[PDB]
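Taking it in order: structure first as C-alpha cells, then the write-up.
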Amino acid sequence: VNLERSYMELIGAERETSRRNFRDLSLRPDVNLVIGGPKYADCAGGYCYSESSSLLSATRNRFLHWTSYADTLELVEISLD
Amino acid sequence: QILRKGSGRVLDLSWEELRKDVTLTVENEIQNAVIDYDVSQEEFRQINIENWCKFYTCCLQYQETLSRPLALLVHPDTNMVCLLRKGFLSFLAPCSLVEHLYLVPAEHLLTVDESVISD
Amino acid sequence: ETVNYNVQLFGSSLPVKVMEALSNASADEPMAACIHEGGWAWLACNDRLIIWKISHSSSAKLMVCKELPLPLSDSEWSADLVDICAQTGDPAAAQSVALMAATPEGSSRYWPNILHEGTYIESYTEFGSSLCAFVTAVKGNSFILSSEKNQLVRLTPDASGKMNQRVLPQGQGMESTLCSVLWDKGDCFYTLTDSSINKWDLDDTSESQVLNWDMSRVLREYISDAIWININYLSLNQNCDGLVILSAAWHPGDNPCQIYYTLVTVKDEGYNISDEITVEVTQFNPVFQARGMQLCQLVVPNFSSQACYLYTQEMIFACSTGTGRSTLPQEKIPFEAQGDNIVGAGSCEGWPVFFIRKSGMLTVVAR
C-alpha cells in the first residue's frame, strides 16, 4: 500500500481566453423576490458517472462540477480525455 | 473595467491585447497626474510608481474575491480529488516522497513513518 | 483666526451650573457632553448630569437648566450612555423631556420628566467589565442600549414604573466589536462593527432585522485603491448621498507610516449594497503611533451640503464627501491651544456645534 500521505494542489488553469462560452440559461419560476432574504455563502459540488473507471465506457474520465452563488448555478462537464 | 470608469462590453481580448490595453490605460493616468511642464526626473518616477501601485492593488482585491474556497469532489471508483475554488478548479495529485519531506512543517516531520522512506 | 470660517459663541450665556463645572474642571477631569438634535445639551461632569436647553434666546423666563444625580458606578459616567426623549419628538420645556442614563456595567436610571429631578425608576441589563456602550433614544419613547460586543437591547419604560427590555433580533452580540450606532429618520437603527453594518427597522415596541453587510469585503479594495493594509471603521452618519462611514487605514511598512482617514459614501437602497462607492481621503493624516490612539469622530450637520466634520480632542477638520460639488472649503480648525480642548460636537438647526473647554458652545460657519 503506497500510503500516498501528502497531495499537492495543481491548478487546472483555465487559460482559455474564451470564458467557457457559458450557455447562459435563465429560469423564471413563478416566485416573488424576497428583499432582505438570507445571504447564503457561495458553495460548490461535483458528480462522477457510473462506469467512468471502465476503459470501454463512453463515461470514461468524465465528471460534472458546479458552483452556486446567490441565484446562479454554473454547471460544467469535464473530460480529461 | 473600473479604472476606465466606462461600461464598455469587454471583448474576449487576447492576452496581448489585454497587456497593451493595461499599458495604455495606466500611461494615460500618469500623463494626467503630471500637472507642470518642468517636473524633475525624480518627481516623474514617483508619480509613475504611485499610479502603477494603485492599478496593482485594484487587481489584488479582485483576485482575493475570485480566490474564495468552495468544497471537495472525490471520485469513488477512480480516487480523483478535486478542490473546487471560487474562480478555478484545482486537482490534487499525489506528492512525491522528496517533495513531501521538504514541504511538511517542522513539527509533523518528527511523526513521519520512517518505514515508508526506506526499509 | 481660521481662514474660511467664523468660529464664535453659539447661543446665549451658559447656565451658572455649567459655568461652575467648566471653571472648576481641571485638565485631569474627563468631561463629556451630549449635544442633542432637539436643542438640549447634557454635560456629564463628575457624578452629576447637567442638562440645559440650548438658549438661542437670551430671555431668562425661557431658561431651563436641571441637574440630575447619576446612579453610582466605579467607572466614569459617559455622555454617550446618556440620552434625551421628547414627548412626540417636540422640544417644548422641561415637562416634554424624559431622560435615561446607563453605566458601563448596565445599571439604568430613567426620569419620566426632567421637571421632576428626584423622580426616577431603575433597572439593570448586564455587560462585561470594560464594555464601551452607547445609549440612544429611539421611537415610541424608548431607548437602545448597545454593548462593545454589539449586544443591542431595547429599553421601554412602562407607565407602572417598570422598564421592559429585550434583545434585538440577531443582535445577541456574539469579530463583532462595536464602533458606533446611528438612529435615522422614520424607524431605522444601524450598527457599525469592526467587520460590518447591520440595520433594523423599528416600530414603537419591536425591531425587524433588515440586513448585515460585510463592508470589509465590499469597501476594502476601494479604500486601499484610493490611497495606495489595516482598515478600521470608526463612525457612521448619513446625508442625502446615503450612509457616510469614517474609516482609518494604514500600512505598517510604509517608509513613513501615516494614518489615512477616509469618508466612504454608499447608498442604503433596499437590502443590498450598490456598485457605486465613493472614497474621499481627508486632510487628516497624522503619523501612526498606536492603534489605541486612533481616535476620531464624525459630525454631519447639514444633510444636503456634502460636508462633514472630523473631530478629535484638539482639532476639527472640515471635510468634503461625495462628488465635492456643494462642499465647503477644506480646513483644519485648532482647539488645542492653552488647555483648550474639544469636549464634544453636534448640530443645532443644521449648524456645526462644538463644545470647547475654554469657550463653551461654538458654531463653525463659512465666511
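Scheme for the C-alpha cells: letters A, B, ... for chains in order shown; per-chain residue numbers from 1; ligand numbers from 1 in order shown.
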Listing only residues of chain A within 9 Å of chain B, what is the closest atom pair and its distance in Å (to one decimal) for each, using only C-alpha atoms, sorted by chain and residue number ascending, as a tab-separated table?
```
residue	atom	partner	partner_atom	distance
A:2	CA	B:116	CA	8.2
A:3	CA	B:116	CA	7.9
A:4	CA	B:94	CA	6.3
A:5	CA	B:94	CA	7.8
A:6	CA	B:95	CA	5.7
A:7	CA	B:94	CA	4.4
A:8	CA	B:92	CA	5.5
A:9	CA	B:92	CA	4.9
A:10	CA	B:91	CA	5.2
A:11	CA	B:90	CA	4.4
A:12	CA	B:90	CA	5.2
A:13	CA	B:88	CA	7.1
A:14	CA	B:88	CA	6.9
A:17	CA	B:12	CA	6.4
A:18	CA	B:12	CA	6.5
A:19	CA	B:12	CA	8.0
A:42	CA	B:70	CA	7.0
A:43	CA	B:70	CA	5.3
A:44	CA	B:70	CA	5.3
A:45	CA	B:71	CA	6.6
A:46	CA	B:73	CA	5.5
A:47	CA	B:73	CA	7.6
A:48	CA	B:75	CA	6.2
A:50	CA	B:77	CA	8.8
A:51	CA	B:77	CA	8.5
A:52	CA	B:78	CA	7.7
A:53	CA	B:78	CA	5.8
A:61	CA	B:78	CA	8.4
A:63	CA	B:75	CA	8.8
A:65	CA	B:73	CA	8.2
A:66	CA	B:84	CA	8.6
A:67	CA	B:86	CA	7.4
```
Selection to disk with C-alpha atoms, as an mmCIF file, in the first residue's frame:
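Okay, this is what ended up in result22.cif:
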```cif
data_model
loop_
_atom_site.group_PDB
_atom_site.id
_atom_site.type_symbol
_atom_site.label_atom_id
_atom_site.label_comp_id
_atom_site.auth_asym_id
_atom_site.auth_seq_id
_atom_site.Cartn_x
_atom_site.Cartn_y
_atom_site.Cartn_z
ATOM 1 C CA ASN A 2 1.844 3.132 -1.303
ATOM 2 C CA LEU A 3 0.468 5.229 1.584
ATOM 3 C CA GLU A 4 0.123 8.352 -0.545
ATOM 4 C CA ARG A 5 0.215 10.709 2.551
ATOM 5 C CA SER A 6 0.503 14.237 1.031
ATOM 6 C CA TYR A 7 -1.053 15.724 -2.012
ATOM 7 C CA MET A 8 -0.177 18.984 -3.876
ATOM 8 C CA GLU A 9 -2.529 21.392 -5.412
ATOM 9 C CA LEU A 10 -2.313 21.598 -9.250
ATOM 10 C CA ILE A 11 -4.146 24.490 -10.680
ATOM 11 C CA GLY A 12 -6.196 23.262 -13.734
ATOM 12 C CA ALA A 13 -5.517 26.700 -15.292
ATOM 13 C CA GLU A 14 -8.472 27.884 -17.275
ATOM 14 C CA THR A 17 -9.451 33.423 -23.055
ATOM 15 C CA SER A 18 -12.841 32.021 -24.044
ATOM 16 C CA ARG A 19 -14.593 32.050 -20.766
ATOM 17 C CA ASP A 42 -21.079 30.554 -2.049
ATOM 18 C CA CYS A 43 -20.891 26.732 -2.426
ATOM 19 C CA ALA A 44 -19.701 24.120 -4.937
ATOM 20 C CA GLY A 45 -20.233 20.351 -5.677
ATOM 21 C CA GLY A 46 -19.419 17.576 -8.169
ATOM 22 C CA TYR A 47 -20.723 14.212 -9.655
ATOM 23 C CA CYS A 48 -18.944 11.290 -11.244
ATOM 24 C CA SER A 50 -21.119 5.137 -13.443
ATOM 25 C CA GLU A 51 -18.610 3.059 -15.360
ATOM 26 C CA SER A 52 -16.197 6.228 -15.568
ATOM 27 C CA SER A 53 -13.469 3.964 -14.415
ATOM 28 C CA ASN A 61 -12.778 10.215 -17.104
ATOM 29 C CA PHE A 63 -17.427 14.221 -14.432
ATOM 30 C CA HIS A 65 -18.895 20.118 -11.243
ATOM 31 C CA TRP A 66 -20.817 23.147 -10.257
ATOM 32 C CA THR A 67 -20.576 26.480 -8.307
#
```
Per-residue nearest contacts of chain C to chain B (6 Å; only C-alpha atoms) as a tab-separated table:
```
residue	atom	partner	partner_atom	distance
C:221	CA	B:61	CA	5.1
C:225	CA	B:54	CA	5.3
C:228	CA	B:54	CA	5.3
```
Keeping C-alpha atoms, export the residues of the selection given above as a PDB file, in the first residue's frame.
```pdb
ATOM      1  CA  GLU C 221     -10.253  47.444  -2.378  1.00  0.00           C
ATOM      2  CA  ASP C 225      -7.029  51.728  -4.198  1.00  0.00           C
ATOM      3  CA  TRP C 228      -2.067  53.358  -2.423  1.00  0.00           C
TER       4      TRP C 228
END
```
#### Entry: Between CA of residue 330 in chain C and CA of residue 43 in chain B - distance in Å to one decimal
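Rounded to one decimal, the two atoms are 25.5 Å apart.
Of note, CA of residue 283 in chain C and CA of residue 310 in chain C are spaced 10.0 Å apart.
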### Task
as an MDAnalysis selection string, please: all residues of range 85-312 of chain C that backbone DSSP puts in strand (DSSP E or B).
chainID C and resid 85:86 97:102 107:111 121:124 134:138 142:146 152:157 163:167 178:183 188:193 196:202 207:214 230:239 242:250 258 260:266 269 272 277:281 287 297:299 307:311
### Message
Would you mind listing, as a PyMOL selection string, all residues of chain C that have at least one atom within 12 Å of chain A, where only C-alpha atoms are what counts?
### Response
chain C and resi 198-201+208-214+269-273
### Task
Just the residues within 8 Å of range 145-147 of chain C, please, counting only C-alpha atoms, with nothing from its chain fewer than 4 positions along; format it as a ChimeraX atom specification.
/C:81,102,127,131-136,151-155,173,178,181
Let me see the file: selected residues, N, CA and C atoms, as a PDB file, in the first residue's frame.
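Dumped everything to part-v7.pdb:
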```pdb
ATOM      1  N   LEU C  81     -23.674  57.426  27.057  1.00  0.00           N
ATOM      2  CA  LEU C  81     -24.556  56.492  27.757  1.00  0.00           C
ATOM      3  C   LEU C  81     -25.685  57.234  28.336  1.00  0.00           C
ATOM      4  N   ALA C 102     -27.245  55.223  31.428  1.00  0.00           N
ATOM      5  CA  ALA C 102     -26.688  53.907  31.674  1.00  0.00           C
ATOM      6  C   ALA C 102     -25.261  54.018  32.184  1.00  0.00           C
ATOM      7  N   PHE C 127     -23.435  43.550  31.207  1.00  0.00           N
ATOM      8  CA  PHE C 127     -22.305  43.658  30.307  1.00  0.00           C
ATOM      9  C   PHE C 127     -21.050  43.078  30.938  1.00  0.00           C
ATOM     10  N   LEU C 131     -16.669  47.146  28.774  1.00  0.00           N
ATOM     11  CA  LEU C 131     -17.563  47.485  27.679  1.00  0.00           C
ATOM     12  C   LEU C 131     -17.820  48.996  27.504  1.00  0.00           C
ATOM     13  N   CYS C 132     -17.377  49.559  26.352  1.00  0.00           N
ATOM     14  CA  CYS C 132     -17.836  50.858  25.872  1.00  0.00           C
ATOM     15  C   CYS C 132     -19.174  50.655  25.200  1.00  0.00           C
ATOM     16  N   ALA C 133     -20.214  51.257  25.794  1.00  0.00           N
ATOM     17  CA  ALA C 133     -21.568  51.146  25.342  1.00  0.00           C
ATOM     18  C   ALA C 133     -22.080  52.526  24.929  1.00  0.00           C
ATOM     19  N   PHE C 134     -23.185  52.563  24.154  1.00  0.00           N
ATOM     20  CA  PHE C 134     -23.900  53.786  23.809  1.00  0.00           C
ATOM     21  C   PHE C 134     -25.341  53.589  24.232  1.00  0.00           C
ATOM     22  N   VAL C 135     -26.040  54.688  24.573  1.00  0.00           N
ATOM     23  CA  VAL C 135     -27.473  54.699  24.819  1.00  0.00           C
ATOM     24  C   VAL C 135     -28.081  55.654  23.832  1.00  0.00           C
ATOM     25  N   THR C 136     -29.132  55.219  23.123  1.00  0.00           N
ATOM     26  CA  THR C 136     -29.693  56.028  22.059  1.00  0.00           C
ATOM     27  C   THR C 136     -31.191  56.067  22.146  1.00  0.00           C
ATOM     28  N   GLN C 151     -24.099  43.610  21.517  1.00  0.00           N
ATOM     29  CA  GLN C 151     -25.401  43.214  22.015  1.00  0.00           C
ATOM     30  C   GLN C 151     -26.258  44.464  22.071  1.00  0.00           C
ATOM     31  N   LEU C 152     -27.412  44.451  21.382  1.00  0.00           N
ATOM     32  CA  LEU C 152     -28.296  45.587  21.332  1.00  0.00           C
ATOM     33  C   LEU C 152     -29.555  45.238  22.096  1.00  0.00           C
ATOM     34  N   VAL C 153     -29.921  46.071  23.082  1.00  0.00           N
ATOM     35  CA  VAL C 153     -31.062  45.839  23.945  1.00  0.00           C
ATOM     36  C   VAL C 153     -32.017  47.010  23.849  1.00  0.00           C
ATOM     37  N   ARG C 154     -33.296  46.746  23.514  1.00  0.00           N
ATOM     38  CA  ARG C 154     -34.365  47.721  23.556  1.00  0.00           C
ATOM     39  C   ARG C 154     -34.797  47.927  25.001  1.00  0.00           C
ATOM     40  N   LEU C 155     -34.967  49.190  25.439  1.00  0.00           N
ATOM     41  CA  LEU C 155     -35.434  49.526  26.765  1.00  0.00           C
ATOM     42  C   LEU C 155     -36.653  50.428  26.668  1.00  0.00           C
ATOM     43  N   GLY C 173     -25.106  39.855  20.102  1.00  0.00           N
ATOM     44  CA  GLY C 173     -23.775  40.453  20.196  1.00  0.00           C
ATOM     45  C   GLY C 173     -22.690  39.533  19.783  1.00  0.00           C
ATOM     46  N   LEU C 178     -18.117  46.706  18.497  1.00  0.00           N
ATOM     47  CA  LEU C 178     -18.923  47.840  18.090  1.00  0.00           C
ATOM     48  C   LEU C 178     -18.152  49.150  18.021  1.00  0.00           C
ATOM     49  N   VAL C 181     -23.236  53.557  16.497  1.00  0.00           N
ATOM     50  CA  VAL C 181     -24.619  53.280  16.191  1.00  0.00           C
ATOM     51  C   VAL C 181     -25.229  54.533  15.640  1.00  0.00           C
TER      52      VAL C 181
END
```
### Message
I'd like the neighbourhood of residue 253 in chain C as a PyMOL selection string, where a residue qualifies if any of its atoms comes within 12 Å (using only C-alpha atoms), though same-chain residues fewer than 4 positions away should be ignored.
### Response
chain C and resi 229-230+257-258+288
What would the file look like if the residues just selected were written as a PDB file, in the first residue's frame with C-alpha atoms?
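What follows is the written file part-v8.pdb:
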```pdb
ATOM      1  CA  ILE C 229      -3.319  47.210   4.790  1.00  0.00           C
ATOM      2  CA  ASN C 230      -5.075  47.633   8.138  1.00  0.00           C
ATOM      3  CA  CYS C 257       3.781  55.310   8.237  1.00  0.00           C
ATOM      4  CA  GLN C 258       0.796  57.704   8.245  1.00  0.00           C
ATOM      5  CA  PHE C 288       0.870  56.175  13.037  1.00  0.00           C
TER       6      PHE C 288
END
```
Tell me which protein, DNA and RNA residues are within 12 Å of residue 19 in chain C, counting only C-alpha atoms, leaving out same-chain ones fewer than 4 positions away, and put them as a short mmCIF file (atom, residue, chain, number, x, y, z; two decimals) with N, CA, C and O atoms, in the first residue's frame.
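As written to disk, result.cif reads:
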```cif
data_model
loop_
_atom_site.label_atom_id
_atom_site.label_comp_id
_atom_site.auth_asym_id
_atom_site.auth_seq_id
_atom_site.Cartn_x
_atom_site.Cartn_y
_atom_site.Cartn_z
N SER C 13 -25.46 83.20 27.04
CA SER C 13 -24.64 82.84 28.18
C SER C 13 -25.00 81.53 28.84
O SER C 13 -26.17 81.26 29.13
N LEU C 14 -23.99 80.67 29.11
CA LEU C 14 -24.26 79.35 29.63
C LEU C 14 -24.88 79.38 31.02
O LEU C 14 -24.60 80.31 31.79
N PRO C 15 -25.74 78.44 31.40
CA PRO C 15 -26.21 78.31 32.78
C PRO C 15 -25.11 78.36 33.85
O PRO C 15 -24.02 77.85 33.61
N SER C 23 -15.33 76.04 34.89
CA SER C 23 -14.33 76.84 35.57
C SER C 23 -13.58 76.08 36.66
O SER C 23 -12.38 76.25 36.84
N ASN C 24 -14.32 75.21 37.39
CA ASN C 24 -13.80 74.26 38.36
C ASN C 24 -13.03 73.08 37.76
O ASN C 24 -12.04 72.63 38.35
N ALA C 25 -13.48 72.52 36.61
CA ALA C 25 -12.85 71.38 35.97
C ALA C 25 -11.39 71.58 35.62
O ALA C 25 -10.97 72.55 34.97
N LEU C 43 -24.29 67.74 29.96
CA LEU C 43 -22.90 67.71 30.38
C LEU C 43 -22.80 66.65 31.47
O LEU C 43 -23.50 66.72 32.48
N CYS C 45 -20.46 65.60 34.23
CA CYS C 45 -19.37 66.22 34.96
C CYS C 45 -19.31 65.58 36.33
O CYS C 45 -20.21 65.74 37.15
N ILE C 50 -25.70 67.61 34.00
CA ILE C 50 -26.29 68.94 33.93
C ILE C 50 -26.86 69.13 32.55
O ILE C 50 -26.17 69.01 31.54
N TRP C 52 -29.45 71.24 29.97
CA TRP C 52 -29.98 72.53 29.75
C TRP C 52 -30.45 72.61 28.34
O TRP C 52 -30.00 71.90 27.44
N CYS C 65 -32.31 74.82 33.05
CA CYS C 65 -31.15 74.01 33.38
C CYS C 65 -31.47 73.19 34.62
O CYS C 65 -31.80 73.73 35.68
N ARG C 357 -13.57 73.45 25.73
CA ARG C 357 -13.19 73.60 27.12
C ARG C 357 -13.00 75.06 27.56
O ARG C 357 -13.42 75.44 28.65
N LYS C 358 -12.36 75.90 26.72
CA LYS C 358 -12.20 77.31 27.00
C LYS C 358 -13.38 78.24 26.73
O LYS C 358 -13.54 79.28 27.38
N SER C 359 -14.24 77.90 25.74
CA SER C 359 -15.18 78.85 25.16
C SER C 359 -16.61 78.38 25.09
O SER C 359 -17.47 79.08 24.56
N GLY C 360 -16.93 77.21 25.65
CA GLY C 360 -18.29 76.69 25.62
C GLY C 360 -18.79 76.28 24.25
O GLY C 360 -18.04 75.75 23.43
N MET C 361 -20.10 76.46 23.99
CA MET C 361 -20.67 76.16 22.70
C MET C 361 -20.24 77.15 21.64
O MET C 361 -20.35 78.36 21.81
#
```
### Within 12 Å of residue 128 in chain C using only C-alpha atoms, minus same-chain residues under 6 positions, as a list in words
residues 103, 104, 105, 106, 147, 148, 149, 150, 151 and 173 of chain C
Could those selected residues go to a file with N, CA and C atoms, as a PDB file, in the first residue's frame?
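Wrote selection_10.pdb, looks like this:
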```pdb
ATOM      1  N   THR C 103     -24.794  52.998  32.918  1.00  0.00           N
ATOM      2  CA  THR C 103     -23.422  52.870  33.377  1.00  0.00           C
ATOM      3  C   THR C 103     -22.711  51.878  32.443  1.00  0.00           C
ATOM      4  N   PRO C 104     -21.382  51.785  32.360  1.00  0.00           N
ATOM      5  CA  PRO C 104     -20.709  50.714  31.604  1.00  0.00           C
ATOM      6  C   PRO C 104     -21.053  49.261  31.953  1.00  0.00           C
ATOM      7  N   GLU C 105     -21.420  48.938  33.212  1.00  0.00           N
ATOM      8  CA  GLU C 105     -21.867  47.618  33.648  1.00  0.00           C
ATOM      9  C   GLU C 105     -23.336  47.333  33.344  1.00  0.00           C
ATOM     10  N   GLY C 106     -24.152  48.367  33.031  1.00  0.00           N
ATOM     11  CA  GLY C 106     -25.546  48.141  32.646  1.00  0.00           C
ATOM     12  C   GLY C 106     -26.603  48.574  33.625  1.00  0.00           C
ATOM     13  N   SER C 147     -23.933  47.307  23.409  1.00  0.00           N
ATOM     14  CA  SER C 147     -22.670  46.884  24.025  1.00  0.00           C
ATOM     15  C   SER C 147     -21.402  47.080  23.185  1.00  0.00           C
ATOM     16  N   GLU C 148     -20.175  47.015  23.767  1.00  0.00           N
ATOM     17  CA  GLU C 148     -18.932  46.946  22.989  1.00  0.00           C
ATOM     18  C   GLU C 148     -18.862  45.708  22.107  1.00  0.00           C
ATOM     19  N   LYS C 149     -19.509  44.609  22.548  1.00  0.00           N
ATOM     20  CA  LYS C 149     -19.594  43.373  21.807  1.00  0.00           C
ATOM     21  C   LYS C 149     -20.814  43.383  20.883  1.00  0.00           C
ATOM     22  N   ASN C 150     -21.512  44.528  20.743  1.00  0.00           N
ATOM     23  CA  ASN C 150     -22.664  44.712  19.869  1.00  0.00           C
ATOM     24  C   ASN C 150     -23.891  43.876  20.221  1.00  0.00           C
ATOM     25  N   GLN C 151     -24.099  43.610  21.517  1.00  0.00           N
ATOM     26  CA  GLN C 151     -25.401  43.214  22.015  1.00  0.00           C
ATOM     27  C   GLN C 151     -26.258  44.464  22.071  1.00  0.00           C
ATOM     28  N   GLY C 173     -25.106  39.855  20.102  1.00  0.00           N
ATOM     29  CA  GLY C 173     -23.775  40.453  20.196  1.00  0.00           C
ATOM     30  C   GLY C 173     -22.690  39.533  19.783  1.00  0.00           C
TER      31      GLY C 173
END
```
### Task
Using DSSP on the backbone coordinates, identify all residues within chain B classified as alpha helix (DSSP H); present the result as a PyMOL selection string.
chain B and resi 15-33+41-66+97-103+106-109+114-117
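The protein and nucleic acid residues lying at most 10 Å from residue 183 in chain C are residues 136, 137, 138, 139, 144, 181, 185, 186, 187, 188, 189, 190, 191, 199, 200, 237 and 238 of chain C, with only C-alpha atoms considered and sequence neighbours fewer than 2 positions away removed.
The spacing separating CA of residue 42 in chain B from CA of residue 27 in chain B amounts to 17.0 Å.
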